[PDB]
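Structure record follows, encoded as structure tokens.
Using ideal geometry, Cβ is built from the backbone for each residue, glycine included, and neighbour counts are taken over all protein chains shown. Numbers and lists here come from the model and the stated rules, or from a named source; no laboratory instrument gave them.
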RNA sequence: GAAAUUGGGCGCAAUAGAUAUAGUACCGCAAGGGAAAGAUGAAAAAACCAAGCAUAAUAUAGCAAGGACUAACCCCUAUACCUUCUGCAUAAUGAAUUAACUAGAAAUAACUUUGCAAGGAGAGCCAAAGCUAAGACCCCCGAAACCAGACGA
Ligand SMILES: [Mg+2]
Ligand SMILES: [Mg+2]
Ligand SMILES: [Mg+2]
Ligand SMILES: [Mg+2]
Ligand SMILES: [Mg+2]
Ligand SMILES: [Mg+2]
Ligand SMILES: [Mg+2]
Ligand SMILES: [Mg+2]
Ligand SMILES: [Mg+2]
Ligand SMILES: [Mg+2]
């Protein structure tokens, strides 16, 4: 298990291939997700393939397929703060150790 | 209670280098709970505080006080210890460096006074600590001569600065 | 010299004890248990203050009235003296009137 | 008071202003707890402004130790061997950034 | 027993300060202590002095000779220092005389060589080296670092700076750290002279001037224990110096020192050094 | 105030000067310049054309912790306050003079 | 005793560290120390008004000492260095007299020239041209 | 001041907590009063910190310090604290000093902050924006006495 997720370069067409599998019409990014089953079949296919599930806090923010697109092209990266600081281009007189 | 003076005879210094002068012996010895007061012992302890051990045993054989008969028992056991245990070759080559007296754990009795009133009488005890250092006694400090007072006055004139300015 | 020389043995507190992990359960037994029990029926202590809060005079009045018939003989006299004292303190002494 | 406390004359270390100005800090040493509310501002100082600080003067070599402490300290060591160990315990990020620039 | 922990902890740390005020520990060198990175302290050593070294050639300027012997002794259970330290000692001798022969032309080569021996002596260099963190960075055997080795390490730093940035930047490194050690210091606090009265007859004979007639200009309280005389040194009935003293022999021995300073250009009110 | 100032000396001022440590500063308002053989003294200042007094900044310390205690007898009036006034140290580098007379 | 004080040792040492250099039992006994440590702190702040008073009285006594060496009184020197717009204060004038007595001899020469220019303007009443050192510099 | 009526520890841990190691020792003819205190280690069949002193007596001058100072003192400045008072350096009170103990307990109404709102509240009660809940204000020692019951010639 690993929380890190990089947005794929073709997630625009990868999401469009999943909309055509759950339904198709013109302006496919403005399809309202007011159906409970239709939001389930779309977001289960994205979370199983891409490996990134929508959290319960953000599951209600998705009224359109536009909002599903905006969630999958933000990069999350959960690494330790040791790896975040010591790989943030330290000047040569910063020394960071971790007693953990 | 504390008994730190008894443990000072167990400090073991590292073995000396030949490019170093010979360390003199130190012999810490004490007697506790002497039925005598701690400030009547100070006059006997101040008397012998720089003397050599043979002059100390001379000036205590002829003192009339009670504690002089007790210090002379302490100084004789500490002189016998220095040739036995702490490796001093000459009995006469010792002098008293430190000679003090602390107070001991004192008992309390009731002294009756002239009416229903009374007082609390305290049966005094005391300690007596000595240290003998192996060697001849150092000479007593002479009074500083008129040359030495004049040097200190001229050195106090020479040291003064123009104060509260650059 | 009132300060200790050695630091005390370490206080190990289990925060996942039985009494700590299940603390607070059934405090809302009324409002989501169809109001069959009040939460004041969940508190265990003396008989005269199972669900009741008062000052020191109102506690001794209530202790003498509820459980005072079966109190010990010089515990009842220590209580009667306390109500006789707290009456005179609360009703006659004090700053504000 | 002044008769209790020692005193000294106004001096510099090695005539610090005559030829060139030598920065007199050698080291800063931060102990900063990873989990602990007392070093909340000290964690935000390391995250934000210790990298902007370690470039503003490259003579100071800064050590962030990051060990489980209750009180976060800053141990400023100077060029004449003096050590001034101060605490940044429960200080905001703007209060450590002036405390370090004072050092 | 008063219950609690926070006051028993503080007293445990006020006992440990008193255990170091009653028994202070021996000094340990900086590299055997927490928070030390030897590569990072050398790059910080350069930028501190506003100058740049070749960092590998500065690393060899700190490793001494006695360290390599006692690194091979513990190996039973690296270049030396002498090459860079010989270049730095030999250059900073010819660099300091060029600084002092330009500012004080009237001083003889005896007095200039006695000034460079002060500015490169163990009293000045090992005071300068301890406040530029040279003792912290040097690799020696015994600690505290002896002043015969710490002087060798300091001139290796000047020797390493010569190869890094030439003799122009290095002369400014000698001007800022060695010549600042003569500020406020008298000439004869640096060049100690036996018999300054006889050394003035030699120098006044060099300029073809008459030998001075020592004359008592002012005096006060000659029959006391605190006298004050003012022996003036007149030549051709024009004085070259006057000097005070406790007796006539001190005030005459000191009036030669005032005239020696007025001849070599080392007065107290001379033009200060330019930086 | 007025500082009698020579070259290579130190001055301690009791306020922050909003400067960086090391910045060379030209002290204006010179009001007496003297040598061994002459002195020039303004009315009340010398011109900026004539003198140029330089100064670096060495250290920007605080003062020693300096107590303010108030007390009045028989009145329960007792206050204590500890202030550390900020200080700066200037090193005068050169007193140049120019022939503008 | 539910919560009694566990840290009373360190409150005593807040006071007793200031009393270590006293005499008698004021350096040891806390009850006697606070009545002197408080009193040693009030004198420490009431003597910030006496340091500035005793320094200026010292500067006046070091200017009066040195102006008498040139035959000037103290009000004849300060009063006529103001009239030449020479705004030197007492600290520098007492530190000119010690460390630069040639410059102080020039300020005693200047304050006596302006004094004689003040008398010669006062004996010659009516319109006379001003003295040379008596001409003020105006700022606008 | 009614009634009808209604229905184990956010404890103490050897001056604490019991007076309690004990109602013993001791005190009183008697009724009665009534204490104090102990600390090793797995096994004894194995330091540093109060007052007080000492180490180490003292040097002209003065609330014991402060400003200082090259320098301890010398110089300059300064009439302990608490309480009580018109007003105290007061020759008014209290205090040798150290350690520990020793003194602000609560109502309606208002205010602040929420909840819900012509209604609030887990029956009772209040309500012409109210109502419910919380928070926040009320000390210590001391008489001569008075009475009841015992115990004492
Ligand atoms: Mg007695
Ligand atoms: Mg009823
Ligand atoms: Mg008890
Ligand atoms: Mg003591
Ligand atoms: Mg006096
Ligand atoms: Mg009065
Ligand atoms: Mg009185
Ligand atoms: Mg009274
Ligand atoms: Mg009395
Ligand atoms: Mg009878």
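Any chance segment B:152-165 includes a residue that's touching a helix residue (DSSP H, G or I) at 6+ places or on another chain (Cβ under 9 Å) and more than 13 Å from every other protein chain (Cβ to nearest Cβ)?
No, segment B:152-165 contains no residue that is touching a helix residue (DSSP H, G or I) at 6+ places or on another chain (Cβ under 9 Å) and more than 13 Å from every other protein chain (Cβ to nearest Cβ).
Hey, among E:145, E:125, which residue is touching a helix residue (DSSP H, G or I) at 6+ places or on another chain (Cβ under 7 Å), in a loop (DSSP other than H, G, I, E, B) and within 14 Å of another protein chain (Cβ to nearest Cβ)? First the steps, then the outcome.
Numbers: E:125 fails: in a loop (DSSP other than H, G, I, E, B).
Within the list E:145, E:125, the selection yields E:145.
As an exercise: evaluate residue B:144 against (1) surrounded by fewer than 10 Cβ atoms within 10 Å (Cβ to Cβ); (2) over 20 Å from residue B:52 (Cβ atoms); (3) more than 9 Å from RNA strand H (Cβ to nearest atom) and give the number of the one condition it does not meet.
(1)
Would you pick out the residues in segment E:179-226 that are touching a strand residue (DSSP E or B) at 6+ places or on another chain (Cβ under 7 Å) and within 14 Å of another protein chain (Cβ to nearest Cβ)?
E:221
Report yes if some residue within segment E:17-29 is within 36 Å of the chain's Cα centre (by Cα) and on the phi > 0 side of the Ramachandran plot; otherwise report no. I'd like the intermediate steps shown before the answer.
If we filter segment E:17-29 for residues that are within 36 Å of the chain's Cα centre (by Cα), which is where we start, we get E:17, E:20-29.
Restricting the remaining residues to those that are on the phi > 0 side of the Ramachandran plot gives none.
Within segment E:17-29 (the criterion being within 36 Å of the chain's Cα centre (by Cα) and on the phi > 0 side of the Ramachandran plot), the answer is no, since none of the residues qualifies.
Pull up segment B:37-57, narrow it to residues that are near RNA strand H (Cβ under 9 Å from one of its atoms) and surrounded by 19 or more Cβ atoms within 10 Å (Cβ to Cβ), then point me to the one that is farthest from the other protein chains (Cβ to nearest Cβ).
Looking at residues that are near RNA strand H (Cβ under 9 Å from one of its atoms) and surrounded by 19 or more Cβ atoms within 10 Å (Cβ to Cβ), I get B:45.
For residues that are assigned to a strand (DSSP E or B) and within 13 Å of chain D (Cβ to nearest Cβ), tally how many sit in segment F:22-69. Quick ask: steps written out before the conclusion?
The initial filter retains those residues of segment F:22-69 that are assigned to a strand (DSSP E or B), namely F:25-27, F:32-34, F:39-41, F:51-59, F:62, F:66-69.
Right, trim to within 13 Å of chain D (Cβ to nearest Cβ) and you get F:25, F:54-59, F:62, F:66-69.
Here the count works out to 12.
Looking for something farther than 22 Å from residue F:35 by Cβ, away from chain F (no Cβ under 14 Å) and surrounded by 14 or more Cβ atoms within 10 Å (Cβ to Cβ) - is there at least one such residue anywhere in segment G:81-101?
No, because not a single residue in segment G:81-101 is farther than 22 Å from residue F:35 by Cβ, away from chain F (no Cβ under 14 Å) and surrounded by 14 or more Cβ atoms within 10 Å (Cβ to Cβ).
With respect to residue B:68, determine if the residue is away from every other protein chain (no Cβ under 14 Å) and either within 25 Å of residue B:11 (Cβ to Cβ) or within 16 Å of RNA strand H (Cβ to nearest atom) (or both). Quick ask: steps written out before the conclusion?
Values: away from every other protein chain (no Cβ under 14 Å): yes; either within 25 Å of residue B:11 (Cβ to Cβ) or within 16 Å of RNA strand H (Cβ to nearest atom) (or both): no.
Spelling it out, it is not the case that residue B:68 is away from every other protein chain (no Cβ under 14 Å) and either within 25 Å of residue B:11 (Cβ to Cβ) or within 16 Å of RNA strand H (Cβ to nearest atom) (or both).
Please pick out the residue among D:36, D:17, D:59, D:4 that is crowded, with 17+ Cβ neighbours inside 10 Å and more than 19 Å from the chain's Cα centre (by Cα). Spell out how you get there, then give the answer.
Working: D:36 fails: crowded, with 17+ Cβ neighbours inside 10 Å; D:59 fails: more than 19 Å from the chain's Cα centre (by Cα); D:4 fails: crowded, with 17+ Cβ neighbours inside 10 Å.
So the residue among D:36, D:17, D:59, D:4 that is crowded, with 17+ Cβ neighbours inside 10 Å and more than 19 Å from the chain's Cα centre (by Cα) is D:17.
Going by what's in this entry, would residue D:71 be described as closer than 20 Å to residue A:98 by Cβ and either more than 9 Å from chain E (Cβ to nearest Cβ) or part of a helix (DSSP H, G or I) (or both)?
It is true that residue D:71 is closer than 20 Å to residue A:98 by Cβ and either more than 9 Å from chain E (Cβ to nearest Cβ) or part of a helix (DSSP H, G or I) (or both).
Looking at G:56, G:39, which is the one that is more than 16 Å from ligand 1 (Cβ to nearest atom), under 30 Å from residue E:7 (Cβ atoms), within 27 Å of the chain's Cα centre (by Cα) and within 14 Å of chain F (Cβ to nearest Cβ)? Working first, answer last.
Values: G:56 fails: under 30 Å from residue E:7 (Cβ atoms).
Sole residue among the options that is more than 16 Å from ligand 1 (Cβ to nearest atom), under 30 Å from residue E:7 (Cβ atoms), within 27 Å of the chain's Cα centre (by Cα) and within 14 Å of chain F (Cβ to nearest Cβ): G:39.
Hey, can you tell me all the residues within segment B:83-104 that are more than 12 Å from RNA strand H (Cβ to nearest atom) and part of a strand (DSSP E or B)?
First, the residues of segment B:83-104 that are more than 12 Å from RNA strand H (Cβ to nearest atom): B:83-95.
Within segment B:83-104, B:94, B:95 meet the criteria.
Among (1) touching a helix residue (DSSP H, G or I) at 6+ places or on another chain (Cβ under 8 Å); (2) surrounded by 11 or more Cβ atoms within 10 Å (Cβ to Cβ); (3) part of a loop (DSSP other than H, G, I, E, B), where does residue C:43 come up short?
Single failed check for residue C:43: (1).
Does residue G:79 qualify as being on the phi > 0 side of the Ramachandran plot and out of contact with any strand residue (DSSP E or B) (no Cβ under 6 Å at 6 or more places or on another chain)?
On the way: on the phi > 0 side of the Ramachandran plot: no; out of contact with any strand residue (DSSP E or B) (no Cβ under 6 Å at 6 or more places or on another chain): yes.
Spelling it out, it is not the case that residue G:79 is on the phi > 0 side of the Ramachandran plot and out of contact with any strand residue (DSSP E or B) (no Cβ under 6 Å at 6 or more places or on another chain).
Listed here are the residues, each with its yes/no results for (1) away from chain D (no Cβ under 14 Å); (2) surrounded by 16 or more Cβ atoms within 10 Å (Cβ to Cβ); (3) in a helix (DSSP H, G or I).
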position	(1), (2), (3)
E:25	yes, no, no
E:44	no, yes, yes
E:52	no, no, no
E:70	yes, no, yes
E:86	yes, no, yes
E:90	yes, no, yes
E:99	no, yes, yes
E:107	yes, yes, no
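Answer yes or no as to whether residue B:11 is within 14 Å of chain E (Cβ to nearest Cβ), more than 16 Å from ligand 1 (Cβ to nearest atom) and out of contact with any strand residue (DSSP E or B) (no Cβ under 6 Å at 6 or more places or on another chain).
On the way: within 14 Å of chain E (Cβ to nearest Cβ): yes; more than 16 Å from ligand 1 (Cβ to nearest atom): yes; out of contact with any strand residue (DSSP E or B) (no Cβ under 6 Å at 6 or more places or on another chain): yes.
Yes.
Any residue that is in a loop (DSSP other than H, G, I, E, B) and in the same structural domain as residue E:161 (by CATH) - is there at least one of those in segment E:4-12?
Taking segment E:4-12 first, the residues in a loop (DSSP other than H, G, I, E, B) are E:4-5.
After this cut, where a residue has to be in the same structural domain as residue E:161 (by CATH) as well, the list is none.
The answer is no; no qualifying residue exists.
Of all residues in segment B:105-155, which are within 13 Å of ligand 1 (Cβ to nearest atom), under 22 Å from residue B:72 (Cα atoms) and not in a loop (DSSP other than H, G, I, E, B)?
none
I'd like to check something: does segment A:72-83 contain any residue that is surrounded by fewer than 14 Cβ atoms within 10 Å (Cβ to Cβ) and more than 30 Å from residue D:53 (Cβ to Cβ)?
Step one: list which residues in segment A:72-83 are surrounded by fewer than 14 Cβ atoms within 10 Å (Cβ to Cβ), which gives A:73-80, A:83.
From what is left, the residues that are more than 30 Å from residue D:53 (Cβ to Cβ) are A:73-74.
Yes, some residue in segment A:72-83 is surrounded by fewer than 14 Cβ atoms within 10 Å (Cβ to Cβ) and more than 30 Å from residue D:53 (Cβ to Cβ).
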